[PDB]
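A.B. asks: Residue numbers (the numbering used here), protein chains in the order written: chain S, 1 to 268; chain Y, 1 to 268. Note that CB positions come from ideal geometry on N, CA and C, so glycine has one too. One structure follows; several queries about it will come next.
There are 2 protein chains.
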Amino acid sequence: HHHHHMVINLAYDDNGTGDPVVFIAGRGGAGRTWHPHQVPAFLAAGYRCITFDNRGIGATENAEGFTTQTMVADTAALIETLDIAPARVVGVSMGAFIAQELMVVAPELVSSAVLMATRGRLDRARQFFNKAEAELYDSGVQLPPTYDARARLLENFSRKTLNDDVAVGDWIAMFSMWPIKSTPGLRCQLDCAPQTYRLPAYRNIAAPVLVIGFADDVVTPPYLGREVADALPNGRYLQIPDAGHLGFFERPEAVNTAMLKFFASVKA
Amino acid sequence: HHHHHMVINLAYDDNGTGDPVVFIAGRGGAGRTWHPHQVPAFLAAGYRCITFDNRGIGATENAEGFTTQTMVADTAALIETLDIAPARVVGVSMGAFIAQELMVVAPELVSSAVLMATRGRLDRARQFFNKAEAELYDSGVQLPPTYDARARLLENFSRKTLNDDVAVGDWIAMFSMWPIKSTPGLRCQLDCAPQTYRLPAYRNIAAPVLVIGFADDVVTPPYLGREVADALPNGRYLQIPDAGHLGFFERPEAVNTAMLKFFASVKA
Ligand code: NA
Ligand code: NA
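Quick look at the structure:
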C-alpha cells in the first residue's frame, strides 16, 4: 500500500445505478472517451459506470513527476471515496496496466476486471517506440496536424478499417472530437508503463479477469496480452479480429458483448 | 512516347552477363538497395542485372519539377542506351508504378515484369498518407532520428518481424546503412504516384507479369496489388505472408524464388 501519496481532485462522472464498473482510460484519454461506445451499453445492462480523468489529463494536464504507483493510488482513492469497493474494473492499454498493478497491491478493491490491449512488459520494438515518443516530445518538435493524424490512423486501426474509404474518412474526422494535446502530463504518462518484467507478480492475482487482445494491434501486440492472461491464474484471453489498438472504438459491439458476458458470468 | 524530355545522366551499375533484368527502386531508394538481397540471387541464376539511381536520388537528389512520365522516359532511355530492349523489369512501389506506366506507353521495351508492392490508384487512406507526408516536408519540420526510425519500422515491416526482438534490433541498425534523406528529389518522388484511376489503361498490357503483394503492407495494401493483377490480362497475383512494405528485404528467399520461377517460366 502507498505511503508517499497525496490525494488530488480528479474529475469524474458517476452514471447509473447498480453494480459499479470503474473505467480506466489509456494514455491521453479523458474519462469521456468511454462515453461514445462503452457507458451507454453498460448502463443498458444495468451497471453503474465511473469514468474519470487520469492524472495528467485535463485539469491536471501539466502534472509531472508521477509514476504508475501514483496512478494506482489515485484509482484506489477514487474507489474508496465513492465507497464502491469491490468494483469491476475495465482498463485499456495504460489503464489496463494501472488495473493490473492495482490488483497486485489492493486486490480487495477489484471484484473482476477486463484488461484490453495490455502487456506485462515491453519487447524490443515497443521499448524503442516509447524511446522514440519520448525523444519527439523532449526535442520540442511539433508534428504538423495531418501528419499527426496519419500516425494516429496507422497506429490505432486495423487493416480492414484502413481499406474502408468511408470508415477512414470518419476516423479522420473523429480526431477533431478526440484531440490528444502534447502536454507535460501526456509525456509523464509515457513512463507509466512496464519498466520491468511484471508477469510473475500477476500470478498472485486470484480475481477473475478477461484479457482482450486486438489482432492488428501494433502498440500492444496481442501476444503480450496473451502473456498476461497466461500469468493470471483465473484470467482468460479473447482476441478480436480486424481490430487495432483502438479496437473498443472500432468494434464496439464485439468488445462490449465480450465484456458484458464476462461480467455476468462472475455475478455474486 | 515522350516529346518533352531531356535525357540526364543517371548513375547505374551493370553486373553479370546474360538475359537483362532492370530493377527500379521505390521512393527514396538508390540502385544499391537491390544489392544486399536481389542482385546476388539473380546473378547466381545467370541474369545480367541493371540497377540505377532514379531521378531525385543521389547526384540528382535536388531535382524537382519532374513527373511519373519523366521517370518513365528516364527508364526507357536507360534501356535504349544499354541496348537491352526488350528487358525484364523488376519494380517495387514507385518503381512498380514506373514499370506499369512504361509498359503502357512502350511495351516493346519490356519482355516481362515483376511488380512488387504496387497499386493502380490511391484509396482514401493512402491519399491521406501522401497528403500528410507532403505536409510534413512542406512544413520544414524535421523528425528526430529515433522517431523517424520508429515510423520506418511501423510502416515497412510485418507484425511477425516487429515481435522478433533480434530482428527488430537488426532493422534499426540497417537504417544506418540505408538512410533516407529528406531532399527536394524525395519530395518530388512523392507525387510520382497514381493521381488517377489507372487500372483501365493496364488492361492493354499483353506481356506476362507477376504482381507480388505483401500481406502486412500498409503503404501499398495487398488488395490494391490484386487490382493491378486483375487488370493485367497476363498478370498473376502472389501474396507473401508475414511481409510488410519492405518484404523484399524481410523475406528475400521467398520473393526471389517467386521472381526467378516466374522469369524462367516465360523464357524465350
Ligand atoms: Na490464465
Ligand atoms: Na490477371
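1) Where does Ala113 (chain S) fall in DSSP's three states?
2) Shortest alpha-carbon distance to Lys160 (chain Y) belongs to which of Y:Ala73, Y:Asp216, Y:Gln142, Y:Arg203?
3) CB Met94 (chain S) to CB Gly26 (chain S), shorter than 7 angstroms?
4) Let me check you understand the geometry: is the CB of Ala229 (chain S) closer than 6 angstroms to at least one non-hydrogen atom of ligand 1?
5) Would you be able to state if there are at least three C-beta pairs under 8 angstroms between the segment 121-133 of chain Y and the segment 47-63 of chain Y?
6) Any heavy atom of ligand 1 closer than 6 angstroms to the Cβ of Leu115 (chain S)?
7) With a Cβ-Cβ cutoff of 7 angstroms, do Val114 (chain Y) and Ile98 (chain Y) count as a contact?
8) Cβ of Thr68 (chain S) within 7 angstroms of Cβ of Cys192 (chain S)?
9) Please decide whether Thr146 (chain S) counts as near chain Y, where near means a Cβ-Cβ distance under 7 angstroms.
10) Alpha carbon to alpha carbon, how far is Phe42 (chain S) from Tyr223 (chain Y)?
11) Exposed or buried, which one is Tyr147 (chain Y) when buried takes at least 16 other CB atoms within 10 Å?
12) Could you check where the beta strand (DSSP E) with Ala87 (chain S) kicks off and where it finishes?
13) Which residues share a DSSP beta bridge with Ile79 (chain Y)?
14) What residue range does the alpha helix (DSSP H) around residue 269 (chain Y) cover?
15) Using a beta-carbon distance cut-off of less than 8 angstroms, what residues from the segment 123-142 of chain S approach chain Y?
16) Out of curiosity, what's the CA-to-CA distance linking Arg226 (chain Y) and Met116 (chain Y)?
17) Run through chain S and tell me which residues come within less than 7 angstroms of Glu61 (chain Y), C-beta to C-beta.
18) For a test of your reading of the model: does the CB of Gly235 (chain S) fall under 6 angstroms from any non-hydrogen atom of ligand 1? Yes or no.
19) For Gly235 (chain Y), count the other beta carbons within 10 Å of its own beta carbon; 16 or more makes it buried, fewer makes it exposed. Which is it?
20) Thinking C-alpha only, which one of S:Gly213, S:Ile180, S:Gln127 is nearest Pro194 (chain S)?
21) Roughly how many angstroms separate the alpha carbons of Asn15 (chain Y) and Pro86 (chain Y), rounded to a whole number?
22) With a threshold of 6 angstroms, establish whether the CB of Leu232 (chain S) neighbours any heavy atom of ligand 1.
23) For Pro208 (chain S), which residues in the same chain have their Cβ closer than 7 angstroms to its Cβ, ignoring the five residues on either side in sequence?
24) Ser158 (chain S) and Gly244 (chain S): beta carbons closer than 7 angstroms?
25) Could you check what DSSP says for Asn15 (chain S) in three-state terms: helix, strand or coil?
26) Considering only residues of the segment 119-187 of chain S, which uninterrupted alpha helix (DSSP H) runs meet the minimum length of 4 residues and lie entirely inside it, listed in chain order?
27) Please compile the residues from chain S whose C-beta is within a distance smaller than 8 angstroms of the C-beta of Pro221 (chain Y).
28) If you run the structure through DSSP and keep just helix, strand and coil, what is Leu232 (chain S)?
29) Could you spell out where the alpha helix (DSSP H) holding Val39 (chain S) opens and where it closes?
30) Do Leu136 (chain S) and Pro144 (chain Y) have their C-beta atoms within less than 7 angstroms of each other?
31) Report the neighbours of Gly169 (chain Y) on chain S: residues whose CB is nearer than 8 angstroms to its CB, in chain order.
32) In chain S, what lies closer than 9 angstroms to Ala149 (chain Y) by C-beta?
33) With a cut-off of 8 angstroms on the beta carbons, I'd call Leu154 (chain S) and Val218 (chain Y) a contact; round off their distance for me.
34) Quick one: complete alpha helix (DSSP H) runs, 4+ long, within the segment 220-265 of chain S?
35) State the Cα-Cα distance for the pair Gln38 (chain S) and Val211 (chain S), rounded to the nearest angstrom.
36) Could you check where the alpha helix (DSSP H) with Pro200 (chain S) kicks off and where it finishes?
C.D. replies: Let me spell this out:
1) Counting from 1 along the first sequence, the entry for residue 113 (chain S) is found at position 113. It is a strand residue.
2) Position 160 of the second sequence holds residue 160 (chain Y). That would be Y:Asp216, whose Cα lies nearest to the Cα of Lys160 (chain Y).
3) Taking the first residue of the first sequence as 1, we reach residue 94 (chain S) at position 94. Taking the first residue of the first sequence as 1, we reach residue 26 (chain S) at position 26. Yes; because the gap between Cβ atoms is below 7 angstroms, this pair is in contact.
4) Your numbering for residue 229 (chain S) matches position 229 in the first sequence. For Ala229 (chain S), the shortest separation between its Cβ and any heavy atom of ligand 1 lies below 6 angstroms.
5) no
6) Along the first sequence, read from residue 1 onward, the residue named residue 115 (chain S) stands at position 115. No - ligand 1 has no heavy atom lying nearer than 6 angstroms to the Cβ of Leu115 (chain S).
7) For the purposes of this step, residue 114 (chain Y) is taken as residue 114 along the second sequence, with counting starting at 1. For the purposes of this step, residue 98 (chain Y) is taken as residue 98 along the second sequence, with counting starting at 1. Against a cut-off of 7 angstroms, the Cβ pair of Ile98 (chain Y) and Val114 (chain Y) comes out as no contact.
8) Position 68 of the first sequence, counted from the first residue, corresponds to residue 68 (chain S). Position 192 of the first sequence, counted from the first residue, corresponds to residue 192 (chain S). Contact flag set, yes.
9) In the first sequence, counting from the first residue as 1, residue 146 (chain S) sits at position 146. Output row for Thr146 (chain S): interface = yes.
10) Counted from its first residue, the first sequence places residue 42 (chain S) at position 42. Counted from its first residue, the second sequence places residue 223 (chain Y) at position 223. Taking the straight line from one Cα to the other gives about 37 angstroms.
11) For the purposes of this step, residue 147 (chain Y) is taken as the residue at position 147 of the second sequence. Per the 10 Å Cβ criterion, buried.
12) By 1-based counting over the first sequence, the position of residue 87 (chain S) is 87. Per DSSP, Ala87 (chain S) belongs to the beta strand (DSSP E) from 87-92.
13) For the purposes of this step, residue 79 (chain Y) is taken as residue 79 along the second sequence, with counting starting at 1. Partner(s): none; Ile79 (chain Y) has no beta bridge.
14) Since the displayed chain Y opens at 1 and closes at 268, residue 269 (chain Y) lies outside it and no answer follows.
15) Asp123, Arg124, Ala125, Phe128, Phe129, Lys131, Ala132, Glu133, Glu135, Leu136, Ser139, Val141, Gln142
16) Within the second sequence, numbered from 1, the residue matching residue 226 (chain Y) stands at position 226. Within the second sequence, numbered from 1, the residue matching residue 116 (chain Y) stands at position 116. Computed Cα separation, rounded: 11 angstroms.
17) Position 61 of the second sequence, counted from the start, is the residue given in the question as residue 61 (chain Y). Close partners of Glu61 (chain Y) in chain S (Cβ separation under 7 angstroms) are lacking, with about 22 angstroms as the shortest Cβ gap.
18) Here residue 235 (chain S) is taken as the residue at index 235 of the first sequence, counted from 1. Within the cutoff, so yes.
19) Position 235 of the second sequence, counted from the first residue, corresponds to residue 235 (chain Y). Buried, because 16 or more other Cβ atoms sit within 10 Å of the Cβ of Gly235 (chain Y).
20) As a working note, residue 194 (chain S) is residue 194 in the first sequence. If we check each option's Cα against that of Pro194 (chain S), S:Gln127 comes out closest.
21) To locate residue 15 (chain Y), count along the second sequence from 1; it is residue 15. To locate residue 86 (chain Y), count along the second sequence from 1; it is residue 86. Rounded to whole angstroms, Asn15 (chain Y) to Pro86 (chain Y) spans 17 angstroms at the Cα level.
22) Here residue 232 (chain S) refers to the residue found at position 232 when the first sequence is read from its first residue. Checking every heavy atom of ligand 1 against the Cβ of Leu232 (chain S), one is found closer than 6 angstroms.
23) For the purposes of this step, residue 208 (chain S) is identified with residue 208 of the first sequence, where counting begins at 1. Cβ within range, chain order: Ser112, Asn234, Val266.
24) In the first sequence, residue 158 (chain S) corresponds to position 158, counting from 1. In the first sequence, residue 244 (chain S) corresponds to position 244, counting from 1. Cβ atoms of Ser158 (chain S) and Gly244 (chain S): closer than 7 angstroms.
25) Residue 15 (chain S) sits at position 15 when you count from the first residue of the first sequence. Strand.
26) 124-138, 145-156, 159-162, 165-177
27) If you number the second sequence from 1, residue 221 (chain Y) lands on position 221. The contacting residues are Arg159, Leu162, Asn163.
28) Translated into positions along the first sequence, residue 232 (chain S) becomes position 232. Of the three classes helix, strand and coil, the one that applies to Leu232 (chain S) here is coil, per DSSP.
29) By one-based count along the first sequence, residue 39 (chain S) stands at place 39. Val39 (chain S) -> alpha helix (DSSP H) spans 39-44.
30) As a first step, residue 136 (chain S) must be located in the first sequence, where it is residue number 136. As a first step, residue 144 (chain Y) must be located in the second sequence, where it is residue number 144. In this structure, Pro144 (chain Y) lies closer than 7 angstroms to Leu136 (chain S) by Cβ.
31) Stepping through the second sequence from its first residue, residue 169 (chain Y) is reached at position 169. In chain order: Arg124.
32) The sequence position of residue 149 (chain Y) within the second sequence is 149, counting from 1. Those within 9 angstroms of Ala149 (chain Y) in chain S are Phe128, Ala132.
33) Position 154 of the first sequence, counted from the start, is the residue given in the question as residue 154 (chain S). Position 218 of the second sequence, counted from the start, is the residue given in the question as residue 218 (chain Y). Confirmed, Cβ separation roughly 6 angstroms.
34) 222-231, 247-250, 252-265
35) By one-based count along the first sequence, residue 38 (chain S) stands at place 38. By one-based count along the first sequence, residue 211 (chain S) stands at place 211. Spanning the two alpha carbons is a distance of roughly 16 angstroms.
36) Walking along the first sequence from the start, residue 200 (chain S) turns up at place 200. 199-202 is the span of the alpha helix (DSSP H), which, as asked, contains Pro200 (chain S).
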